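Scroll down for the structure; my scribbles are underneath it.
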4 protein chains.
Amino acid sequence: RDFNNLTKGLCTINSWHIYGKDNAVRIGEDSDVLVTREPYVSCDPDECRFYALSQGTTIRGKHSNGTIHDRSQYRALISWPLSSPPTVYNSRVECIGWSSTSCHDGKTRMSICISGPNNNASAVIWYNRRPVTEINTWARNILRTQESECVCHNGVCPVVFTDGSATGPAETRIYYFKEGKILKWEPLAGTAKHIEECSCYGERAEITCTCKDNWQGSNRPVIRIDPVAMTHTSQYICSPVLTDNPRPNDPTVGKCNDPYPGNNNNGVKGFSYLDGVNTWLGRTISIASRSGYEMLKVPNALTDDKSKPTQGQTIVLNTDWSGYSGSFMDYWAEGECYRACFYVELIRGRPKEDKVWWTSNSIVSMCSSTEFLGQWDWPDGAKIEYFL
Amino acid sequence: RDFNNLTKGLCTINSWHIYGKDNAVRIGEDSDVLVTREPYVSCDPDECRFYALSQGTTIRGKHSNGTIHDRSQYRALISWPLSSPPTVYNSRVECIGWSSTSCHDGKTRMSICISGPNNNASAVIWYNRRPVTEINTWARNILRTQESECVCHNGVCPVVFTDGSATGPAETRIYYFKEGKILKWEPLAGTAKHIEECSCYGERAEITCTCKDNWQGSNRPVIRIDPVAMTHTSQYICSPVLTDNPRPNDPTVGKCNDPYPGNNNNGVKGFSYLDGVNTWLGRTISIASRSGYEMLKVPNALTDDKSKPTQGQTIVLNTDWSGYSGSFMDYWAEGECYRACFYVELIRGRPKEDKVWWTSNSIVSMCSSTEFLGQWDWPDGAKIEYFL
Amino acid sequence: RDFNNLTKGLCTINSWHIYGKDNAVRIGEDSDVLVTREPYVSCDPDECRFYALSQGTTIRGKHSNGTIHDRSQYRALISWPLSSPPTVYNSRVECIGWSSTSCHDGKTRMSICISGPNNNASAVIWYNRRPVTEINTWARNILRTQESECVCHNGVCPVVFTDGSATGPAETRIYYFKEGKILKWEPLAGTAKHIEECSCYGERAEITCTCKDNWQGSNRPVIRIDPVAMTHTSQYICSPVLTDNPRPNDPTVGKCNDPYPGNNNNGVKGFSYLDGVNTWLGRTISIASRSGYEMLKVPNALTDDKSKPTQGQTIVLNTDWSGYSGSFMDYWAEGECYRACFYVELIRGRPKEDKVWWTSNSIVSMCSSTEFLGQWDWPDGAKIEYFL
Amino acid sequence: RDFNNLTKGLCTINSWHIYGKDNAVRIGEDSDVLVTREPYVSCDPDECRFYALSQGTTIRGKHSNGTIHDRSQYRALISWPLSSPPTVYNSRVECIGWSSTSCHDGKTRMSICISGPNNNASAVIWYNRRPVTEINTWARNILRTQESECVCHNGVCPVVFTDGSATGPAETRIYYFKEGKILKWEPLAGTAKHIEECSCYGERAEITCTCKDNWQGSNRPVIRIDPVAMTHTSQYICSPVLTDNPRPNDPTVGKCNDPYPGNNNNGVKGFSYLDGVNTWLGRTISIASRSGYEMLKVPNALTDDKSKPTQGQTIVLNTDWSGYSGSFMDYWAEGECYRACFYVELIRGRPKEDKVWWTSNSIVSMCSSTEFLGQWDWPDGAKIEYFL
Ligand SMILES: *[C@@H]1O[C@H](CO)[C@@H](O[C@@H]2O[C@H](CO)[C@@H](O[C@@H]3O[C@H](CO[C@H]4O[C@H](CO)[C@@H](O)[C@H](O)[C@@H]4O)[C@@H](O)[C@H](O[C@H]4O[C@H](CO)[C@@H](O)[C@H](O)[C@@H]4O[C@H]4O[C@H](CO)[C@@H](O)[C@H](O)[C@@H]4O[C@H]4O[C@H](CO)[C@@H](O)[C@H](O)[C@@H]4O)[C@@H]3O)[C@H](O)[C@H]2NC(C)=O)[C@H](O)[C@H]1NC(C)=O
Ligand SMILES: *[C@@H]1O[C@H](CO)[C@@H](O[C@@H]2O[C@H](CO)[C@@H](O[C@@H]3O[C@H](CO[C@H]4O[C@H](CO)[C@@H](O)[C@H](O)[C@@H]4O)[C@@H](O)[C@H](O[C@H]4O[C@H](CO)[C@@H](O)[C@H](O)[C@@H]4O[C@H]4O[C@H](CO)[C@@H](O)[C@H](O)[C@@H]4O[C@H]4O[C@H](CO)[C@@H](O)[C@H](O)[C@@H]4O)[C@@H]3O)[C@H](O)[C@H]2NC(C)=O)[C@H](O)[C@H]1NC(C)=O
Ligand SMILES: *[C@@H]1O[C@H](CO)[C@@H](O[C@@H]2O[C@H](CO)[C@@H](O[C@@H]3O[C@H](CO[C@H]4O[C@H](CO)[C@@H](O)[C@H](O)[C@@H]4O)[C@@H](O)[C@H](O[C@H]4O[C@H](CO)[C@@H](O)[C@H](O)[C@@H]4O[C@H]4O[C@H](CO)[C@@H](O)[C@H](O)[C@@H]4O[C@H]4O[C@H](CO)[C@@H](O)[C@H](O)[C@@H]4O)[C@@H]3O)[C@H](O)[C@H]2NC(C)=O)[C@H](O)[C@H]1NC(C)=O
Ligand SMILES: *[C@@H]1O[C@H](CO)[C@@H](O[C@@H]2O[C@H](CO)[C@@H](O[C@@H]3O[C@H](CO[C@H]4O[C@H](CO)[C@@H](O)[C@H](O)[C@@H]4O)[C@@H](O)[C@H](O[C@H]4O[C@H](CO)[C@@H](O)[C@H](O)[C@@H]4O[C@H]4O[C@H](CO)[C@@H](O)[C@H](O)[C@@H]4O[C@H]4O[C@H](CO)[C@@H](O)[C@H](O)[C@@H]4O)[C@@H]3O)[C@H](O)[C@H]2NC(C)=O)[C@H](O)[C@H]1NC(C)=O
Ligand SMILES: *[C@@H]1O[C@H](CO)[C@@H](O[C@@H]2O[C@H](CO)[C@@H](O)[C@H](O)[C@H]2NC(C)=O)[C@H](O)[C@H]1NC(C)=O
Ligand SMILES: *[C@@H]1O[C@H](CO)[C@@H](O[C@@H]2O[C@H](CO)[C@@H](O)[C@H](O)[C@H]2NC(C)=O)[C@H](O)[C@H]1NC(C)=O
Ligand SMILES: CCN(CC)C(=O)[C@@H]1OC(C(=O)O)=C[C@H](N)[C@H]1NC(C)=O
Ligand SMILES: CCN(CC)C(=O)[C@@H]1OC(C(=O)O)=C[C@H](N)[C@H]1NC(C)=O
Ligand SMILES: CCN(CC)C(=O)[C@@H]1OC(C(=O)O)=C[C@H](N)[C@H]1NC(C)=O
Ligand SMILES: CCN(CC)C(=O)[C@@H]1OC(C(=O)O)=C[C@H](N)[C@H]1NC(C)=O
Ligand SMILES: *[C@@H]1O[C@H](CO)[C@@H](O)[C@H](O)[C@H]1NC(C)=O
Ligand SMILES: [Ca+2]
Ligand SMILES: [Ca+2]
Ligand SMILES: [Ca+2]
Ligand SMILES: [Ca+2]
Ligand SMILES: [Ca+2]
């Protein structure tokens, strides 16, 4: 109809209720489920769907062997109905590639997929299910993007890309697209020293992205974007409640404009909702591996370098595998506020479970409640032994 | 379009004709059919569909082992086209949880799923396929609901929940929702001493629910709701034709305001149509197990403590497994009256058929005819031996 | 929109072109295809689809054992997209039963399914996908109907049923339905002595049904219906080109008002287009079994007792299995005439191929061309050996 | 809405970006994927889909044995969602036959399928999913057509057929259809000596077809059609950059009006975009087999007999199997120009990989970019060893 505008503020997050779970690995043990990774969730005005990077093979198929690898010519961004698994028969291909982002602007959807060899990748921007724009690698080193939904405001949908080293300074750009065409792009500015896989959400005409400093930071970099002025700033979450993984143990004071040191060249895509006292952080429970997952209310996390949790909710037990996590919201829901949501990728197989030769995942996602709901844990649920 | 209003009375029930049967277990022996239980049927203005609680695995899948269990993080309310089986590929997830209800109000559908551990469950009310309201456990003991469709009138859709003991007095509430939001809730009142899994239907602006007294009653409690005044009453079916299972043998006089004694802490979800002489009761044939199923015309069953059958129809032979049963009607059919319908859950596997490690079911459903139709029996039809 | 009216005459049939083929048995050797029989084809104003009586199991499934049997509680009328096979995932159940008919009246579709034991069957008439009317067995001996599409004119859709003996005189009725309700019914009149499984089509406000005299006739009975007056007549195809199976060898003169003798108590559902010189007859090639299939132009077959072929076209070789055949036309096609069409059921398995324990079929269908097209044969194509 | 008119010119082709890839053979190793060959891509105003000639069996099915053969009664033109594989469950049959073409005219789609024995084939033209016209073989020798999409302009959709010898002069005709009816047909004229499988595209009211001279030419014949005048001309691509396969090595001067000699009676369906300096040619890398695939910018290839490449892009490595290739464009995209696209059939199995008994393929397709994008190779990706 008309372009959606971020006119509402976030609803108060007093807890998280279950939104979707596909039990993909369990079900795929005996049905035609595609092997995937790098999932996310994104809504259209009339429907919300699961998204992910297929590996171009079923889990039980012999080609599942080797799916731990990230970039092949057999990957593609696919979407499928909420809480269903990604099967060969219900998965809709949005585009071909090994890194992506996607978002609806109110009128139609923009999907971006990047493909290519390491030194010659290219992004192709699709809008209304047609290819519209293409961007060639600028640093010749794995051009890559969010791996979660982008956000739009009055037709403008900013997307953060990175090209160059993952263990050194790199060339990050914020592109502002409208109807799949480039209106403008900027180099990253601010104090964030390295950006990877941004998780974004919008409220009251501002887009907040919580990303990953793969190079040095265990605290998360944050990019706040003004989609009207088409400008942005960057910093780190000040809080001592560190949210990357692997990471050092929590200090009593964090860092606002530098990476918090202790762990280099590694990290996991994650997210957060930064809204004054209504601030919640997601992180794996383990400081060593992609294990477990919890949500922590850390009032003023972004700006208070001594902020510590005041409430919390466990999502996945530390005795269960987790993985990537990101944000999305249904901007077309009824009500006066935007209900914060997120998904957690539950990785199974390699590298942690090497008795099988594949790597895949299932998805669990939650949204906020203004109630103070009882909590439960949500594991993948599959028995690797069955696959042997 | 506009909210549906219960303006018609029931059609005269002279017999029952076959409406839907999915042969799920038979078909699932060699195709991707989800393991389910707690099925039901519910109509939208333009389509009627089967519903059930998936177990998050196929019947032939190795994860089918253990599906006798009731509440896991892998369950979800799913719906699929009438008389098809619930397959991995045609099943639509309405919400995540291990207890549910759902109904269309004329404009859109409300679905409710409860999930959580035993002492910390929570219901989340979905409307127009979006989460709208959440209710936290009030008694911290398996918050649970109908397991069959709710009914709406002018936007108001009452739902009966129970929280607390299943073998003692508990905290039952009647919630009145409108567009997924709570307008009001009451504690259970009347003479019903314990309520579990209500089966409901509406006619001439009154909603009748036949439930289950798991604690002491072999006769069924009944909750009649006024969705305009948003008030209700409760009593038991007076008839000596006892309809719970397990149950004592039929007496010559029943009880109107107390459970009929003889069997404690057990029962099966069931239903009835209470309409003066046009009154029909469903019950298993066996007084000992979920075996067989028959419909009995017991004029004035609700109010006459000596009422006995005047007509009958066998649905499932006592030599075949049955299970839960509930009511639904197509409130959007043509005609001057509402045609009473019901479904019977045909449980296969555990606990009665323990040579297999799973528990699932198929569905058979009938609707009334003003004709006096010949009868046939409708078993599940699968051979357990094939699954070994 | 508006009720369709049979305002056109048939197009000139100079040959038959391929219309649809599903290769169901071939494909089903390694995919989830339902076992079926008694197929047909029927069009809606915007789509034409294949129809059949499922057996409630896949071909490779263990429950396929025994599918030679005709009436079980596991059968249902299903429809699916033209030329696709009937799979567990794309098949839409129209109703439950072991005998059926279906037709679109221009506004919506009427489907009829009969179920029950031999002495207590009942038909239930569905309209706009809802149950509307029910008819109880009148002779208590396998109430049964067409097994191919009915035809409508200004809302009136006549259907021929038979109840009683298949090897003696029986009680055949012509029902005239409108919006799923009975307007009127007649007993069979005319000279046809026994009616089974009528194949019908309409043109210029007249409905012609070519049926099967299972009792004594090797020539086919024909019922012509006036859907406005709601009256009919019956006779036999006069032609010596006998079209039932099994059958005696062709004589030089046929019979107009009596069964042509030579074979008792057996026959196959078949059809014909009776239109003066534009008359074509379908029949198996073998006079002994459901083997092969050919179309023969026999000018004035209905009324000329010495009529012999003037042109012909082989559809299936005598070295391939055939089965039932019936008529349908797309009454919503462009043009000034109705293009005659038909389908042939290609039965595989039992009883002729007993190395397998199942019985199923695939479908091939053709429509007429005003061209004189080259011919090809269209077998099922599956290798039974593969199923062993 | 209204008939589409070729009002735009081609966009400048500076490189090719990835458009679609279905990874069919990989995925089909463990899921219900139909065996196919002779694929292509074609767009409707609201969707673009993959097309191909199914073999009426899955790849893993036992009937896959023998699929190297070209014409059987089990083949059919099927279409399915872009980048999905052709599965038994998502494939839509357009018509029955072993040679086809299809195109949307703006209002609805025309599909053509030819079937029959070698000496008695016939084409049947479908429009709006209904059969409309039929054409009988004129030379009684494998009537056949494009195997890729046709193109329409103001309702007129020309199609090139060939009937007669594939290794000698034959009878090629250009038919001009409108709403599935024949407006006119011509015999082939010009200097092209033999025409097989034309690949076409349209721009500024002219339709260009790059075909295959199976008889003598290693350079490609080209048919340019005026769909308004309904007239055409024919010649060969003048360029010494030979694009058929097998073929001699490139000379320094090509031939404009005769086949370039060196290889007889063989060839592969291919294509090209002939647009002055914006001219690109596709060809296999190997001059001996259907191996590898590259795009070469050969300014003025059609008219300059000494034209050599000025830019290039590898699509498939010479160490990977390729096959047929053809053109299509989305005539309903936004923008001021038509973006040239093409697909490459990646054949697997027989005859080159004879350890398996089947022959199938997967599809990769690209479209042009005005950017100078980095290149990657796009192989089928399946391991034949897995199928053994
Ligand atoms: C039914 O459901 C309800 C609803 O969920 C249940 O009630 C919930 O119970 C939760 C668990 O108790 C509770 O969650 C906790 O909240 C704490 C904050 O609340 C308390 O403090 C505030 C502030 O003063 C008070 O207002 C309040 O009254 C409470 O006293 C959090 O602090 C908790 O998180 C911390 O502990 C968990 C382990 O429990 C860690 O995993 C987590 O990371 C937090 O601790 C680490 O991080 C901090 C900050 O740096 C460190 O100080 C600390 O040492 C830990 O650090 C180590 O561990 C981390 C992670 O491994 C590592 O990185 C680091 O290096 C160190 O090794 C927790 O979130 C809910 O708030 C509460 N909800 C409600 C509404 O009440 C109820 O129990 C359920 N009922 C039943 C019967 O079960
Ligand atoms: C073709 O189709 C038609 C249409 O269906 C067939 O006709 C139908 O035939 C049915 C079976 O005969 C018949 O059903 C019965 O109707 C009885 C009522 O009708 C009779 O009584 C009235 C009242 O005076 C008369 O008007 C009427 O003319 C008849 O005489 C029911 O009473 C029957 O139910 C009872 O019996 C069945 C077993 O048959 C039990 O399973 C059932 O539970 C009922 O009996 C138990 O319950 C009562 C009440 O408490 C007890 O008194 C009794 O002892 C039984 O109790 C034991 O068993 C129960 C259950 O196990 C247990 O809980 C308890 O503790 C005790 O152990 C039955 O419903 C249809 O009405 C009739 N329909 C029509 C339209 O005619 C026709 O036969 C078919 N044709 C062919 C050729 O087959
Ligand atoms: C390319 O394609 C074209 C287009 O299809 C091919 O041309 C077609 O060729 C067809 C086969 O030749 C041909 O079909 C036949 O037509 C005959 C009628 O035409 C002839 O007679 C008329 C009338 O005088 C002439 O006008 C005309 O010029 C011809 O001379 C039919 O009579 C044929 O059917 C009979 O034979 C077939 C076997 O071929 C039987 O299966 C069939 O049942 C018919 O014969 C039985 O029935 C009759 C009637 O009672 C009996 O008299 C006779 O003895 C047979 O009876 C026995 O067999 C039956 C069945 O088993 C059994 O019940 C009974 O008891 C007895 O045992 C046949 O239909 C097409 O018309 C023709 N089409 C066109 C447009 O030309 C062309 O060949 C192809 N090209 C190539 C290169 O292959
Ligand atoms: C990142 O991505 C970019 C973007 O893709 C990469 O840059 C691209 O690199 C490509 C490969 O180098 C390049 O493709 C070539 O372009 C040549 C034309 O450019 C050159 O010549 C022009 C003209 O003077 C200059 O303007 C220009 O500056 C260049 O110098 C083509 O000529 C190339 O094709 C020929 O070679 C390939 C093998 O490389 C053959 O397969 C192909 O068939 C061509 O050669 C055959 O055909 C010709 C013509 O008849 C014969 O003369 C020749 O002998 C060969 O003939 C034999 O082989 C054929 C086929 O087997 C056989 O039939 C015959 O009988 C003989 O046996 C090639 O297309 C892109 O243009 C370039 N793109 C851009 C934008 O720059 C970049 O490298 C990537 N980066 C990294 C780090 O990898
Ligand atoms: C088929 O015939 C009936 C007439 O018998 C047509 O019905 C008339 O249609 C118009 C528009 O619907 C009404 O105003 C008339 O009263 C209708 N009916 C009768 C029964 O008189 C019908 O429109 C015809 N069908 C089609 C497709 O033209
Ligand atoms: C393509 O060209 C034809 C004109 O040749 C356009 O047809 C005219 O369209 C309008 C609206 O449909 C009619 O009133 C004219 O009479 C049409 N036709 C002719 C043949 O004169 C057509 O609209 C054009 N297509 C598009 C998408 O614009
Ligand atoms: C931070 C992005 N990088 C470094 C290039 C990664 O390796 C990502 O790591 C992971 C990962 O789980 O750590 C998954 C993604 N598939 C990778 N992205 C790409 C484009 O390969
Ligand atoms: C009466 C409801 N209760 C007691 C909590 C049950 O155990 C139900 O029993 C049965 C049952 O078949 O008896 C099935 C339901 N899955 C159970 N419901 C829940 C929420 O677990
Ligand atoms: C002529 C109809 N009769 C006799 C009842 C049949 O047996 C039919 O035979 C055949 C048949 O292939 O001969 C198939 C049908 N499934 C049967 N119909 C029913 C209702 O069982
Ligand atoms: C050039 C067309 N001809 C000669 C008849 C072919 O054999 C084609 O060859 C090939 C081929 O891959 O060479 C595939 C097509 N399936 C064939 N077409 C038909 C109609 O059989
Ligand atoms: C395939 O067919 C050939 C030829 O009929 C036969 O020899 C061969 O054994 C078959 N192979 C398989 C695997 O069926
Ligand atoms: Ca399988
Ligand atoms: Ca890090
Ligand atoms: Ca009880
Ligand atoms: Ca007979
Ligand atoms: Ca050639």
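A quick note on method: Cβ atoms are made from the backbone with ideal geometry, for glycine too, and the neighbour counts reach across all protein chains shown. FYI, it's all coordinate maths here, none of it is from the lab.
Assorted remarks:
- Looking only at region A:139-174, residues that are among the acidic types (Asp, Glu) and in a loop (DSSP other than H, G, I, E, B) come to 2 in all.
- So residue B:103, is it under 17 Å from residue B:175 (Cα atoms) and facing another protein chain (nearest Cβ under 10 Å): no
So that you can scan it fast, the table gives a plain yes or no per residue for (1) away from ligand 11 (no atom under 16 Å from the Cβ); (2) of a type in the set (D, E, K, R); (3) more than 24 Å from residue C:263 (Cβ to Cβ):
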| position | (1), (2), (3) |
| --- | --- |
| C:117 | yes, no, yes |
| C:136 | yes, no, yes |
| C:144 | yes, yes, no |
| C:173 | yes, yes, yes |
| C:188 | yes, no, no |
| C:210 | yes, no, no |
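- Test: residue in region D:334-345 that is buried (at least 18 other Cβ atoms within 10 Å of the Cβ) and within 11 Å of chain A (Cβ to nearest Cβ): yes
- Elements of the type strands (runs of 3 or more DSSP E) sitting completely within region D:1-96 and holding at least 3 residues that are within 14 Å of chain A (Cβ to nearest Cβ) and within 17 Å of residue D:329 (Cα to Cα): these cover D:15-21, D:48-58.
- Meets criteria (in contact with a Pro (Cβ under 8 Å, 6 or more places away or on another chain), closer than 15 Å to residue C:211 by Cβ and away from ligand 2 (no atom under 16 Å from the Cβ)) for residue C:307: no
- Flag for residue B:144 being without any contact (Cβ under 8 Å) to a residue 40 or more places away in the chain and either under 15 Å from the mean Cα position of the chain (by Cα) or within 30 Å of residue A:338 (Cα to Cα) (or both): no
- For region D:262-270, the criterion of being away from chain A (no Cβ under 14 Å) and more than 16 Å from ligand 16 (Cβ to nearest atom) is satisfied by no residue at all.
- Top-ranked residue of region C:346-388 - restricted to ones that are more than 9 Å from chain D (Cβ to nearest Cβ) and under 18 Å from residue C:278 (Cβ atoms), ranked as surrounded by the fewest Cβ atoms within 10 Å (Cβ to Cβ): C:366
- Residue check, residue A:246 more than 10 Å from ligand 13 (Cβ to nearest atom) and assigned to a loop (DSSP other than H, G, I, E, B): no
- Look at region B:125-139: where a residue is more than 7 Å from every other protein chain (Cβ to nearest Cβ) and a partner is among the small types (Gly, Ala, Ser) and in a loop (DSSP other than H, G, I, E, B), sitting 6+ places away or on another chain with Cβ atoms under 6 Å, you get B:125/B:180; B:127/B:180; B:132/B:180; B:133/B:180; B:139/B:164.
- Where residue D:117 falls short, out of the listed (1) under 27 Å from residue C:86 (Cβ atoms); (2) facing chain C (nearest Cβ under 7 Å); (3) within 16 Å of ligand 10 (Cβ to nearest atom): (1)
- Condition met for residue B:123 (farther than 30 Å from residue B:45 by Cβ and out of contact with any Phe, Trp or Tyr (no Cβ under 6 Å at 6 or more places or on another chain)): no
- Test: residue in region C:182-205 that is within 13 Å of chain B (Cβ to nearest Cβ) and farther than 25 Å from residue C:272 by Cβ: yes
- Positions within region C:150-204 being of a type in the set (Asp, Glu) and in contact with a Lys or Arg (Cβ under 6 Å, 6 or more places away or on another chain), in sequence order: C:196, C:197
- Any hit, region D:205-223, residues being more than 12 Å from ligand 10 (Cβ to nearest atom), surrounded by fewer than 24 Cβ atoms within 10 Å (Cβ to Cβ) and of a type in the set (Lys, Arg): no
So that you can scan it fast, the table gives a plain yes or no per residue for (1) over 19 Å from the mean Cα position of the chain (by Cα); (2) within 24 Å of residue D:316 (Cα to Cα); (3) not charged (D, E, K, R):
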{"position": "A:8", "(1), (2), (3)": "yes, no, no"}
{"position": "A:22", "(1), (2), (3)": "no, no, no"}
{"position": "A:37", "(1), (2), (3)": "no, no, no"}
{"position": "A:40", "(1), (2), (3)": "no, no, yes"}
{"position": "A:46", "(1), (2), (3)": "yes, no, no"}
{"position": "A:71", "(1), (2), (3)": "no, yes, no"}
{"position": "A:77", "(1), (2), (3)": "no, yes, yes"}
{"position": "A:89", "(1), (2), (3)": "yes, no, yes"}
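- Given (1) over 24 Å from residue D:57 (Cα atoms); (2) touching a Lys or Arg at 6+ places or on another chain (Cβ under 8 Å); (3) of a type in the set (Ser, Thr, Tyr), index of the condition residue C:79 fails: (1)
Residue-wise test of (1) surrounded by 24 or more Cβ atoms within 10 Å (Cβ to Cβ); (2) farther than 30 Å from residue C:226 by Cβ.
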| residue | (1), (2) |
| --- | --- |
| C:16 | no, no |
| C:24 | yes, yes |
| C:78 | yes, yes |
| C:114 | yes, no |
| C:118 | no, yes |
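- Against the numbered list (1) surrounded by fewer than 21 Cβ atoms within 10 Å (Cβ to Cβ); (2) away from chain A (no Cβ under 14 Å), residue B:179 comes up short only at (2).
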